[PDB]
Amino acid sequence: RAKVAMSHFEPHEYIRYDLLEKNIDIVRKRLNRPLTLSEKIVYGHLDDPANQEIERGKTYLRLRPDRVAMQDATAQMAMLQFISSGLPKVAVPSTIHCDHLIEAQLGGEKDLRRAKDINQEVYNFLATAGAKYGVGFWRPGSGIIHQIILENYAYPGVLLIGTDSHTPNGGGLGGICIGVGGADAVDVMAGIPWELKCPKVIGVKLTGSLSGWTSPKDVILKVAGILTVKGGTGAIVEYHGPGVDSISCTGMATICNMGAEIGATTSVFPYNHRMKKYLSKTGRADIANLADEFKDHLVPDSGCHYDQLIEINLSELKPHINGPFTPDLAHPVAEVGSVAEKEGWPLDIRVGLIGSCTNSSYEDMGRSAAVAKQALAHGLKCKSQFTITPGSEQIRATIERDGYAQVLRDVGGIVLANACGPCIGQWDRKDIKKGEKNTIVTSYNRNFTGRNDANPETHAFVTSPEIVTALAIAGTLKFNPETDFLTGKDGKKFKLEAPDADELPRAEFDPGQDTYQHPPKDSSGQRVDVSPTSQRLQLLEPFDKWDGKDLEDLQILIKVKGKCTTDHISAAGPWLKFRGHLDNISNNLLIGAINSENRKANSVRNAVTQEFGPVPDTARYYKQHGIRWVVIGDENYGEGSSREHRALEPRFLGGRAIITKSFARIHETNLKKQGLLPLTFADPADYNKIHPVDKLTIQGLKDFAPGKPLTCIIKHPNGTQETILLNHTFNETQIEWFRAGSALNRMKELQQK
């Protein structure tokens, strides 16, 4: 066909639209119905399109992703498990991005230099394992994973998996980009088919066009409010309609990115002329030309069916700000000042933070600079503290060159290193004490309790970068940039004009400094060294195989009440230090979950000693004494970030099963991967039949089968027993993971020994 390379760093790996077309055509001859865009890309990547059972919401698809991307907080454990597989080289184009371990303290260069010294052991390990297994390495300072992927690796029609739940960002360039745990990335790096439950498809038809203060962020702040955080579970969100040509390519990436907050499998936009324009300005005009020739396969079929349709008229949409402790609590900016007042949310904004991969594009920085130049023209500067995170080195070098960084510095902003920083709590925040109630507004995406600064009483609101800038200048939520007046230096009242700015640089992007490290694909004789006394890295010891018996008289470690995110199960911030060390990071296990017994965090009753104490310590006491335990959870258990540490930590400390009303997708997959039993109540009311003191027996593991429920005997202290039924979503492939003790153990059994 054409021999067009997948990226500038892999000149030999060609885009296979011929394969994609061939597979779409085998499948549509079988289904004889129009296919949505996500169906064309996903089914076009099936391992076996002639025989695969295809039913939305029901069958597991065996897929062949084109590439794997990892960020350094999840890459360490993905690579420790790849190292246990014993396999010599990764099977597909794979990259590591070092963006999660650079703490914000002093700003830019200073924080990067400190991070490189503090994290040397870990950056060393990743660069060395990268050179040895043939994984490309983007050095600390290079940029945030999703911005480097949009700029270099995402293209129309790619199926990409990343060990990070905001991998959907890549949907802004017409690709299917899906968040997974590190063990799923090991399947694909090992060359074995990746499995994904066939998604439902929610269509969102966009009408009209954006005007004035409304930006692409408002489309997904509005959708999250409509769908709620559990509304997109098990579905891909597919944006379509005449209003799509009104959104820049980075804007589409913004909207696809935050679809992670409604639990969606991923989001996607159809190939159009805004993507073509972005591909040509990022050195990939040959890929835009090839996608023009396969354009029919990169847009939805006429008359395709969506399982749910939502319509949004971009011309009526007005600025939104969401939170404070969930991303789906939506408010127009115009009314948040009055709702805050009512609910007792601090009206004064201590810190305004722009950037992160969600909103650090050249157009986002240009629009924020446009608001900032107006304030400057009246002698004002920010009343709140103000920080700016560039998404990549190329964006930092280009906004520096075109003068936007200096405008943002002149209004009082501090430019932070090109890294997650305050977005996952890597922020040395000193202006408030812990427990001090305060408000910060961000252009980020998640705004859950204690995530930006480990203070549970910080009220974080997510909005667009131009609104964070307007509100940072005002210093209060009780300011609506569309209506209200500011007072300059000179005494005159003035109103902020709506920001206008170029979406892409008129000149080319300035690539900034050299940050990519290609693997020697020659040499590769590296020795990965993990010191046996390291506190940051530890090689894995395999988990135990199943004993062949039912699980009797299980102790409940904790029955959790309400929301239980993976930041409640395995907190980030300070614990990022131990992401490559399973025993040390297991000391945060479930310390944020609320115990229904006393409604406290990290305070559970030890059944033997009858002392209330920390959840980690109690689980290690049960493990030490041979007591197998269970977690009982509520709805959407495991919501959030993809970190497989939330599944590895309960396995390591002696847990056996997690029984909930429902699971978020990535966490449920991660639990199955590590040999635990994620089970749901066949009747959710049965959550109330189980009390912390009850013991449980799960029966029927001997004839464990797809679609057959498991029986659970609740043993009450007084001698009463109640039998209830538990559903599970295991197919046969996955029951083999459970019988072997984990998916990695099963893979190593298939290597003939």
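Residues carry their position along the shown sequence, with the first being 1.
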Higher-scoring stretch by recorded Cα B factor average, 310-318 or 186-194: 310-318
Between 612-620 and 584-592 (mean CA B-factor, as deposited), the higher: 612-620
Most elevated Cα B-factor in the entry, residues 555, 463, 211, 71: 211
Candidate residues 646, 383, 166, 628, the one whose C-alpha B factor the record puts highest: 383
CA B-factor placement of residue 239, once the chain's modelled residues are sorted into thirds: lowest
Residue 363 by Cα B-factor - lowest, middle or highest third of the modelled chain: highest
Third of the chain, ranked by Cα B-factor, where residue 687 sits: middle
Chain-relative CA temperature factor third for residue 100: lowest
Within-chain third of residue 44 by Cα B-factor, per the entry: lowest
